[PDB]
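Protein chains: 2
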Amino acid sequence: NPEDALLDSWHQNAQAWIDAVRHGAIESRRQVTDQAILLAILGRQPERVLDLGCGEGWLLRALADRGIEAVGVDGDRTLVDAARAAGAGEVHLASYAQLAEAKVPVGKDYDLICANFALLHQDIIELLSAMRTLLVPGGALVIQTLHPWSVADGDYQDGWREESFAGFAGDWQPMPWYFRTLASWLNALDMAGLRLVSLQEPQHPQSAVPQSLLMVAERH
Amino acid sequence: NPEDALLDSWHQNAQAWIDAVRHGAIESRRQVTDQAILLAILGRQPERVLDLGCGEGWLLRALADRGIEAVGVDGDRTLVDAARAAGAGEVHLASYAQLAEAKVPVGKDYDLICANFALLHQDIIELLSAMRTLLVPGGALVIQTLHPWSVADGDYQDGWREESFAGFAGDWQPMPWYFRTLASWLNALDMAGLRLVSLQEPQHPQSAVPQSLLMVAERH
Ligand SMILES: Nc1ncnc2c1ncn2[C@@H]1O[C@H](CSCC[C@H](N)C(=O)O)[C@@H](O)[C@H]1O
Ligand SMILES: Nc1ncnc2c1ncn2[C@@H]1O[C@H](CSCC[C@H](N)C(=O)O)[C@@H](O)[C@H]1O
């Protein structure tokens with residue numbers, strides 16, 4: 007099951023990930039994407055935010071620093087533990103499969119749910135539908151993801167791929183991930199009962215290609 | 007003014023265009039894009055359609071063949087004349103600048119307005135807003151355009167470009183055209199008071215890249 011292999015790669019890569027993210031090894035993040043998601047969230051003035059696939063918690067901390075109550079959830083223990091050791095906030099351990107079935111309590115009545123480069127699997131509709139249920143009326147899901155066109159690599163078609171982490175400092179195990187087209191993302195949002203209200207393509211002033219695709223979708 | 011130079015290139019290229027389109031010289035059209043726009047239109051079961059920038063009228067004819075009342079409008083006389091000589095339908099001569107200001111009567115209360123590779127200029131919001139006014143409540147604008155990612159040519163940024171028609175049979179004058187990003191298209195729709203309700207990226211089964219971007223937006 008490539009979805010189980012995906013989460014398993016995170017268990018193997020968690021430490022390398024903490025080091026990369028915190029030490030500032032990922033140029034796209036510090037130059038464009040961290041700010042892009044932060045500004046998209048702050049723009050909605052949420053009071054309660056759930057960070058889905060929060061990893062080691064950099065976004066939980068950035069939101070706490072601005073007075074926002076942020077709750078995190080992630081499926082990897084090393085990342086969850088690191089997020090908790092780095093801050094005062096609530097971080098839950100849960101897999102997406104558990105969340106899709108509402109099997110793990112992670113709070114509810116969220117103004118906003120964010121997923122920052124955290125939805126890399128194939129069957130995401132049930133998870134997204136589960137997240138909708140956790141939103142207050144008029145709440146929003148904010149997703150930042152790899153830009154489909156920038157990472158198409160000559161094959162613009164939905165399908166499994168493998169990331170070797172060749173450019174990253176540290177030692178990594180390959181990660182299987184599901185590539186999806188723009189149309190496929192928007193279909194998923196729609197099938198999950200979410201309406202796209204904003205689409206941005208964050209891009210550094212000196213870059214020729216966008217660094218990510220950032221979408222905001224509302225409950226209804 | 008690159009927008010005037012654009013329309014002027016059409017006056018020079020009109021005959022080459024008629025020949026290319028009718029003789030079946032454009033592979034993307036016969037293999038993917040003609041069907042894509044036709045099916046998107048037929049799917050909404052319109053009774054009255056305005057084809058904006060109708061050219062020589064192939065779409066007017068395809069819709070008439072299915073019992074739909076299609077009215078065309080175009081800014082070039084050679085194309086308008088050819089469209090009229092090829093069918094029983096109504097074709098109006100009008101520039102987009104005239105239409106943006108409601109200066110030329112082209113009918114109203116349209117169920118659907120379609121623009122097939124017809125919006126190649128920079129300032130399109132006023133035209134799109136004018137088109138909205140011509141829609142019945144719940145009517146739709148259907149736009150098929152070059153796929154922003156496929157034609158970015160390493161420079162994903164809004165700006166003027168020039169098409170030489172290198173791959174096309176016939177003799178052509180260069181056409182200035184405005185490249186816009188995906189985010190910029192959706193912003194334009196939004197500013198025009200139109201809501202995106204569907205996005206597709208027509209692509210031949212054996213193609214690695216999409217051939218077009220097809221969007222449907224509703225009045226409201
Ligand atoms: N099936 C699954 N269930 C739970 N979490 C998962 C998961 N698959 C991937 N993840 C989590 O998704 C994250 C992807 S890395 C992104 C982390 C964070 N949002 C950030 O911006 O830094 C990892 O923390 C990983 O553990
Ligand atoms: N400023 C302008 N005002 C009116 N028509 C314009 C225009 N700029 C371009 N056009 C028209 O836009 C068309 C682009 S070619 C596409 C034609 C047609 N929709 C088809 O699918 O075949 C031409 O017919 C051209 O005359």
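Line order of the protein sequences matches chains A and A'. A prime marks a further copy of an entry chain. Just so you know, we're using the authors' numbering here: the first sequence kicks off at 7 and counts up by one. Just so you know, we're using the authors' numbering here: the second sequence kicks off at 7 and counts up by one. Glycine residues also receive a C-beta, built at the ideal position from the N, C-alpha and C atoms.
message: Using only Cβ atoms and a threshold of 5 Å, which residues come within that distance of a heavy atom of ligand 2? Order them by chain position.
response: A':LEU13, A':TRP16, A':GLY59, A':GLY61, A':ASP80, A':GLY81, A':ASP82, A':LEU85, A':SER101, A':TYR102, A':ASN122, A':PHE123, A':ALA124
message: Runs of 4 residues minimum, wholly inside the segment 11 to 75 of chain A': which ones carry the alpha helix (DSSP H) assignment?
response: 40 to 48, 64 to 70
task: Could you spell out the range, first to last residue, of the alpha helix (DSSP H) harbouring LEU141 (chain A')?
output: Counting along the chain, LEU141 (chain A') falls outside any alpha helix (DSSP H), though it belongs to the beta strand (DSSP E) covering 141 to 151.
query: Which residue comes first and which comes last in the beta strand (DSSP E) that contains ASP117 (chain A')?
result: From DSSP, the beta strand (DSSP E) with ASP117 (chain A') extends over 116 to 122.
- request: Indicate whether at least one CB of chain A' lies closer than 8 Å to the CB of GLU207 (chain A).
  value: yes
- prompt: DSSP state of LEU126 (chain A'), grouped into three classes?
  reply: coil
query: Who are the Cβ neighbours of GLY93 (chain A) in its own chain at under 8 Å, not counting the five residues just before and after it?
result: The answer, listed in chain order, is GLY63, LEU66, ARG67, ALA70.
- prompt: Got a sec, what are the start and stop residues for the alpha helix (DSSP H) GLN104 (chain A') sits in?
  reply: 102 to 106 is the span of the alpha helix (DSSP H), which, as asked, contains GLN104 (chain A').
query: Are there 16 or more other CB atoms within 10 angstroms of the CB of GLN217 (chain A'), so buried, or fewer, so exposed?
result: buried
message: Taking 7 Å as the limit between beta carbons, can you name the residues of its chain near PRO52 (chain A'), skipping five residues before and five after?
response: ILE74, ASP117, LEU118
query: From which residue to which residue does the beta strand (DSSP E) around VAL86 (chain A') run?
result: Annotation: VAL86 (chain A') is outside any beta strand (DSSP E); the continuous alpha helix (DSSP H) that includes it extends over 83 to 91.
task: Can you tell me the Cβ-Cβ gap for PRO208 (chain A) and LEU195 (chain A), rounded? I've got them flagged as a contact below 8 Å.
output: In fact, because the Cβ distance is near 18 Å, the residues do not count as touching under 8 Å.
field: Rounded straight-line distance, which links the Cα of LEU13 (chain A') to that of residue 228 (chain A')
entry: Nothing can be reported for residue 228 (chain A'): it is not among the residues displayed for chain A', which extend from 7 to 226.
- request: Measure the C-alpha to C-alpha separation of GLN18 (chain A') and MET137 (chain A') and round it to an integer number of angstroms.
  value: CA-CA distance, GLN18 (chain A') to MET137 (chain A'), rounds to 27 Å.
message: My output table needs one value for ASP196 (chain A'): the three-state DSSP class, helix, strand or coil.
response: Three-state result, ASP196 (chain A'): helix.
message: List, in chain order, every chain A residue whose beta-carbon is nearer than 7 Å to that of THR187 (chain A').
response: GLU207
message: Can you look up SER218 (chain A') in the DSSP assignment and give me helix, strand or coil?
response: Coil at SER218 (chain A'), not helix or strand.
message: Would you say the beta carbon of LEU126 (chain A) is closer than 7 Å to some non-hydrogen atom of ligand 1?
response: yes
query: How big is the Cα-Cα spacing for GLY113 (chain A) and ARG50 (chain A)?
result: Distance between the alpha carbons of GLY113 (chain A) and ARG50 (chain A): 20 Å.
- prompt: Do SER101 (chain A) and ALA198 (chain A) have their C-beta atoms closer together than 8 Å?
  reply: no
query: Does ligand 4 have a heavy atom nearer than 7 Å to the CB of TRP183 (chain A)?
result: With respect to small molecules bound, the structure shown includes ligand 1 and ligand 2 and not ligand 4.
message: The beta strand (DSSP E) that contains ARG167 (chain A), what's its start and end?
response: 165 to 169 is the extent of the beta strand (DSSP E) around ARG167 (chain A).
field: Minimum C-alpha distance to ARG54 (chain A) - residue among A:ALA89, A:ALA146, A:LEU105
entry: A:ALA146
query: Does the distance from the CB of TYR184 (chain A) to the CB of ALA214 (chain A') come in under 8 Å?
result: Not a contact, by the Cβ cut-off of 8 Å.
Best match in A':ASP25, A':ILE131, A':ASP10 for proximity to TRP178 (chain A') [C-alpha to C-alpha]: Relative to the Cα of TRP178 (chain A'), the nearest Cα in the group A':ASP25, A':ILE131, A':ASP10 belongs to A':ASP25.
message: Among A':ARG35, A':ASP10, A':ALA103, whose alpha-carbon lies nearest the alpha-carbon of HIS210 (chain A')?
response: A':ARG35
- prompt: Under a CB-based cut-off of 8 Å, is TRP166 (chain A') close to chain A?
  reply: no
message: Taking 8 Å as the threshold (C-beta atoms), are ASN122 (chain A) and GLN104 (chain A) in contact?
response: no
Heavy atom of ligand 1 within 7 Å of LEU140 (chain A) beta-carbon: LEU140 (chain A) Cβ: outside cutoff for every heavy atom of ligand 1.
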